[PDB]
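Okay, here's what each chain looks like letter by letter:
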Amino acid sequence: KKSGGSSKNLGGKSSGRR
Amino acid sequence: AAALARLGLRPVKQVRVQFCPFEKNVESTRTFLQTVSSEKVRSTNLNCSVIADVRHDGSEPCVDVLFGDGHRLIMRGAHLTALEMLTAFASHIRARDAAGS
Amino acid sequence: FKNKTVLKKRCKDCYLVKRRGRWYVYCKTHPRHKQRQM
Amino acid sequence: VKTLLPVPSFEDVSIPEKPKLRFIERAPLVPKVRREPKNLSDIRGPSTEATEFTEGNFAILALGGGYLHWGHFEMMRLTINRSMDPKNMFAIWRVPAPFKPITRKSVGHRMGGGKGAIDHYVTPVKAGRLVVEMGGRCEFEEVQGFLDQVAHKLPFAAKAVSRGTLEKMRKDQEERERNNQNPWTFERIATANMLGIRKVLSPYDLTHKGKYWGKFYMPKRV
Amino acid sequence: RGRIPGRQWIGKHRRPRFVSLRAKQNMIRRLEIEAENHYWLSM
Amino acid sequence: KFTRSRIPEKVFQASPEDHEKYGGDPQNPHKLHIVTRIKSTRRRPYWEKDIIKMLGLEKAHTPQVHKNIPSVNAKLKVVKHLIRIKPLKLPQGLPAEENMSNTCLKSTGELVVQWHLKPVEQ
Amino acid sequence: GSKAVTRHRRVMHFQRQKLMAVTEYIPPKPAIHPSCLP
RNA sequence: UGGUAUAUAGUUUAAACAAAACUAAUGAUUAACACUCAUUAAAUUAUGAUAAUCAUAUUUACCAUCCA
RNA sequence: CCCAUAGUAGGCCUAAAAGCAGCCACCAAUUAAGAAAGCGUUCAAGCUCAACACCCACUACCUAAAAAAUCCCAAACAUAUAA
RNA sequence: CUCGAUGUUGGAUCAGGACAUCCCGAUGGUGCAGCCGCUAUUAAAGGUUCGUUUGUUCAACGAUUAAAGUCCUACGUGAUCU
Ligand code: FES
Ligand SMILES: [K+]
Ligand SMILES: [K+]
Ligand SMILES: [K+]
Ligand SMILES: [Mg+2]
Ligand SMILES: [Mg+2]
Ligand SMILES: [Mg+2]
Ligand SMILES: [Mg+2]
Ligand SMILES: [Mg+2]
Ligand SMILES: [Mg+2]
Ligand SMILES: [Mg+2]
Ligand SMILES: [Mg+2]
Ligand SMILES: [Mg+2]
Ligand SMILES: [Mg+2]
Ligand SMILES: [Mg+2]
Ligand SMILES: [Mg+2]
Ligand SMILES: [Mg+2]
Ligand SMILES: [Mg+2]
Ligand SMILES: [Mg+2]
Ligand SMILES: [Mg+2]
Ligand SMILES: [Mg+2]
Ligand SMILES: [Mg+2]
Ligand SMILES: [Zn+2]
């Protein structure tokens, strides 16, 4: 079992403004 | 030429081609003369003499071959193709070659 | 004989012949040119 | 009396200063940092760019979609340059250098953990695109041999063509469509939603018209 | 021998299905009906 | 994505050859359709299930009469692949109050106003 | 599932398979073979 | 077997358009030497492409290696 | 299939370059044969091809495979009117 | 799929099968003189060793052999064993 990396992109979870 | 030359004219003592050129049935015999008279075929055996007789008597063309063993082959070209005559000629060469030796 | 999916004549003495349901290349001058259809 | 015919003349033809194919880099000089989505549509359907002859008279015609990595470019360059006559022949690239980044994950890794790092670059190609174009004081029969050798080694269906054979190809396809005796065509059935067939067809099939399936081009489809 | 991987009619490798003559005739028969539906909806 | 299908208007423009094949008159368009469902709505999008209900075609092989007008034709075009459309023919004219109970719709599309169930003496 | 563009030729939905079979090019066949006429 | 590094005068060692070190020879110096100093001689694993940078196989180093 | 003589080993470079390592020209003899398209020779020789002659080759110019593990796997069938 | 259990390496015992053939058979090619080899076609009836160290599968080594084949069988086989 290899040790994996992590994603470097945070945020970007805003909902639609309608 | 090349096909006949490969076999050679070692056991052929003399080849005589007699045809009437003005006749309309001598094309096959004349083609036979062209093949046997080639430099390659003649060079195989220099002791064999190719004799071409041109006659205007109106007789049908004939090819007379004399082998060293003494046997003769007479091919009448009035109703024979050049290929057929050459094929028969080659076969007799092979037969007379083994007999002498 | 070498198995070949594409048969190619390698000299002027090579000839193609179909025997026993498959194509062959035969050569008397250079026997190494012999090929069998795979 | 064997009848001779006039030989074609190439006196007006002119050979560029650099006849051979130039070197194509593995990756762009400035490396791309932003990783891109897969975007497989870039090799799907008919090509709209580089479909016509420009300078030369001979070329390799793409008959399918695919990606050209640097290994392919080296095969094309070394084969054509080695085989061509520089004095009488010239060749130009009709495809850009590899520019689309392809990512790869570390060997043995599990699913997840973000996108993989950029590994190499490729050039997307669509069916109908000219990949390499040749010209000069020569006939198609002279270059057809080694051009076909290169076409066979490409990762997609390809064939060496000329200005004449390419035009004949298109004319034959147009004639087949005009003289087709089948009253039913994929175009008619798809665009009218006959039998509700669009429930099993892609929106792209309205324009592809059954001639393209994935990256594969079907030349016998009308 | 002659196994199909996984389930027959799904996935990457599937059992090949072939179009019989009567399957073609069935589809063409319905194409003719719809072709006529187009006509009677034109006036 | 699978969506509703827009049918080009050219599909519904009959050519002179079509008039010969099917025998309609462009200058005397038929007034009423005979519409019959011949194909299931199972495995069809929900919007096609709904229009079949609106046209009263829930039961298959049951002729229903509808007006040959743009609005009705617009619905029929959405489900053209599920139905058979034929023109209603009135060889003896419209039924009257006297013969309301003696009508029969034949398979040819002709609505006859007399149904004697007797052979033709001719 | 498989993506729209694949390395192998993807299997078609049977309805689509039937569509293709029914819309194949049919060439114009002459009544009398042209080779059998002057 | 698998990858990761590897190579420069005769040797030794930075760096590639070739720098220094030692050994070699020559001078300067000494009564003669050694030392020192100066000078000369002396090299880029070899193969294919970019045009002097990536590949190519070697070369020796370097760690990797049923399984429960 | 058939057939092949010649200015001449064109000049240049090269120890040698003679159609055939390279560079330049690529003209001319014979009714006909490229200052040579493919092999070959250390260089030459030598074997073909394009020529003439002979004469209906009266060419297709679309491509082309296969291997696994208990035991192949319905039986069969080219012929009586599309239902 | 199975955790209201489908016991987990190597070995012993007994092996069934594939052939992509290690040996034995039959052929083509060879830069095949011969003796030995190399490569390919066909062939799965029969055969395919004993030891030192290591739990080992492997590996190394000693002595042999016409040859000491590659794989699958719940990495065959613990209601047969270890
Ligand atoms: S069958 Fe008529 S020309 Fe041959
Ligand atoms: K290819
Ligand atoms: K499957
Ligand atoms: K369990
Ligand atoms: Mg967002
Ligand atoms: Mg959200
Ligand atoms: Mg299954
Ligand atoms: Mg999808
Ligand atoms: Mg002094
Ligand atoms: Mg000359
Ligand atoms: Mg000279
Ligand atoms: Mg010369
Ligand atoms: Mg010569
Ligand atoms: Mg030479
Ligand atoms: Mg010739
Ligand atoms: Mg239980
Ligand atoms: Mg056994
Ligand atoms: Mg075998
Ligand atoms: Mg055995
Ligand atoms: Mg086990
Ligand atoms: Mg027990
Ligand atoms: Mg057990
Ligand atoms: Zn040969």
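Structure shown above.
Each chain is numbered from 1 in the order of its written sequence, a scheme that can depart from the entry numbering, and any residue without coordinates is omitted. Lettering for chains starts from A, numbering for ligands starts from 1, and both go in the order in which the items are written. Within a larger assembly, only the chains shown are considered here, and all values are given for them alone. Water and hydrogen atoms play no part in the side-chain values, which are based on all heavy atoms of the structure.

1. Description of the side chain of G:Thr6
(1) Moving on: Within the element layout of this structure, G:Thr6 appears in the segment before α1 (14–22).
(2) Moving on: G:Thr6 has contacts with D:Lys215 and D:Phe216, leaving out every residue within four places of it along the chain. Numbering of helices and strands runs from the N terminus; a helix is a DSSP stretch of H or I covering at least four residues, while a strand is a stretch of E covering at least two. Residue contacts are defined here by distance: any two heavy atoms, one from each residue, within 4.5 Å place the two residues in contact.

2. Quick word on the interface of chain G and chain D
(1) Moving on: Taken together, the contacts link 22 residues of chain G with 27 residues of chain D.
(2) Moving on: As a working definition, buried area equals the accessible area (1.4 Å probe) given up by two parts on being put together, with both sides summed. For the pair chain G and chain D, the two sides together bury roughly 2300 Å², of which 65% comes from carbon and sulfur.
(3) Moving on: Contact with chain D buries surface across chain G, with G:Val5, G:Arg16 and G:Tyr25 losing the most and accounting together for 31% of the total.
(4) Moving on: A carboxyl oxygen of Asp or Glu within 4 Å of a side-chain nitrogen of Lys or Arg is what we treat as a salt bridge. In this structure, the connection of chain G to chain D is made through 1 salt bridge.
(5) Moving on: For G:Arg16, the salt bridge is made with D:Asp205, and the minimal N-O distance between the two is 2.8 Å.
(6) Moving on: In the analysis that follows, any N or O atom pair within 3.5 Å is treated as a polar contact, provided that within protein one partner can donate a hydrogen and the other can accept it, and provided that, for residues neighboring in sequence, both atoms belong to side chains. Linking chain G to chain D there are 9 residue pairs in polar contact.
(7) Moving on: Residues are grouped as follows: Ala, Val, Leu, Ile, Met, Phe, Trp, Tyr, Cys and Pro are nonpolar; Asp, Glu, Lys and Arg are charged; every other residue, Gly included, is polar. Residue composition of the side of chain G that touches chain D, by class: 11 nonpolar, 5 polar and 6 charged.

3. Things to note about the environment of B:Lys40
Residue and element names in this part refer to chain B.
(1) Moving on: When you line up the elements, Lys 40 lands in helix α3 (residues 39–44).
(2) Moving on: Exposure classes here rest on a 1.4 Å probe applied to the protein chains alone. A residue is buried below 20% of its type maximum, exposed above 50%, and partly exposed in between. Owing to a relative accessible area of 48%, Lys 40 belongs among the partly exposed residues under this scheme.
(3) Moving on: For the pair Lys 40 and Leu 4, spaced 36 residues apart in sequence, the C-alpha to C-alpha distance is 8.9 Å.
(4) Moving on: What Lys 40 contacts, discounting residues up to four positions off in sequence, is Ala 1, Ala 2 and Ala 5.

4. A word on the interface of chain D and chain E
(1) Moving on: Between chain D and chain E, the contact holds 7 residues from the first and 8 residues from the second.
(2) Moving on: Summing both sides of the interface, chain D and chain E together bury roughly 630 Å²; the carbon and sulfur share of this comes to 79%.
(3) Moving on: When the area that chain D buries against chain E is broken down by residue, the three leading residues are D:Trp184, D:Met194 and D:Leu195, summing to 79%.
(4) Moving on: In this assembly, chain D and chain E are joined by 1 residue pair in polar contact.
(5) Moving on: Considered class by class, the residues forming the side of chain D that touches chain E number 5 nonpolar, 1 polar and 1 charged.

5. Quick word on the pairing of strand β2 (residues 66–69) of chain D
All names here are of chain D.
(1) Moving on: A one-sided burial pattern is seen for β2, the buried positions being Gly 66 and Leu 68 and the unburied ones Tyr 67 and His 69.
(2) Moving on: Two strands qualify as a pair provided that DSSP identifies no fewer than 2 bridges between them. One ladder, built from 4 bridges, connects β2 with strand β5 (residues 117–125); its direction is antiparallel. Bridge pairing links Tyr 67 to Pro 124 in β5.

6. Remarks on the pairing of strand β3 (residues 83–87) of chain F
Residues and elements named next belong to chain F.
(1) Moving on: Residues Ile 83, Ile 85 and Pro 87 of β3 are buried on one face, while the alternating residues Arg 84 and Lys 86, pointing to the opposite face, are not.
(2) Moving on: In this structure, strand β1 (residues 32–37) lies alongside β3, joined through 5 bridges in antiparallel fashion. By the bridge assignment, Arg 37 is partnered in β3 with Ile 83.

7. Concerning the protein's contact with RNA strand I
(1) Moving on: Neighbouring RNA strand I are the residues B:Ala1, B:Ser38, B:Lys40, C:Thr5, C:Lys12, C:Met38, D:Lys2, D:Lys87 and E:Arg1.
(2) Moving on: If a single non-hydrogen atom of a residue is within 4 Å of a molecule or strand, that residue counts as near it. Each atom of RNA strand I within 4 Å of the protein was assigned to sugar, phosphate or base; sugar and phosphate come to 92%.
(3) Moving on: C:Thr5 has a polar backbone atom sitting 3.4 Å from a sugar or linking oxygen of RNA strand I.

8. Remarks on the sheet that holds strand β1 (residues 12–19) of chain B
Residue and element names in this part refer to chain B.
(1) Moving on: In space, the 4 strands of this open sheet follow the order β2-β1-β3-β4, with mixed pairing throughout. Of all the strands in the sheet, just β2 (49–54) and β4 (72–75) have a single pairing partner and so form its edges. On average, each strand axis in the sheet is tilted by 10 degrees relative to the strand beside it, whichever way the strands run.
(2) Moving on: Sheet topology note: the β1/β2 ladder contains 6 bridges and is parallel. Along β2, the bridge assignment pairs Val 17 with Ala 52.
(3) Moving on: Between N-to-C directions, angles span 0 to 180 degrees; the directions come from axes that are lines fitted to C-alpha atoms, helices contributing only their stretch in contact. Sitting on the sheet, helix α2 (residues 27–36) is in contact with β1, β2, β3 (62–67) and β4, with an inclination near 145 degrees to β1.

9. Focus on the protein's contact with RNA strand J
All names here are of chain C.
(1) Moving on: Around RNA strand J sit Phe 1, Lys 2, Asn 3, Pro 31, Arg 32, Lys 34 and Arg 36, and those are all the residues in its vicinity.
(2) Moving on: A share of 79% of the atoms of RNA strand J within 4 Å of the protein falls on sugar and phosphate groups.
(3) Moving on: In the environment of RNA strand J, a sugar or linking oxygen lies 2.5 Å from a nitrogen or oxygen atom belonging to the backbone of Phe 1.
(4) Moving on: Within the side chain of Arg 32, an N or O atom sits 3.0 Å from a base oxygen of RNA strand J.
(5) Moving on: Partitioning the surface near RNA strand J into residue classes produces 2 nonpolar, 1 polar and 4 charged.

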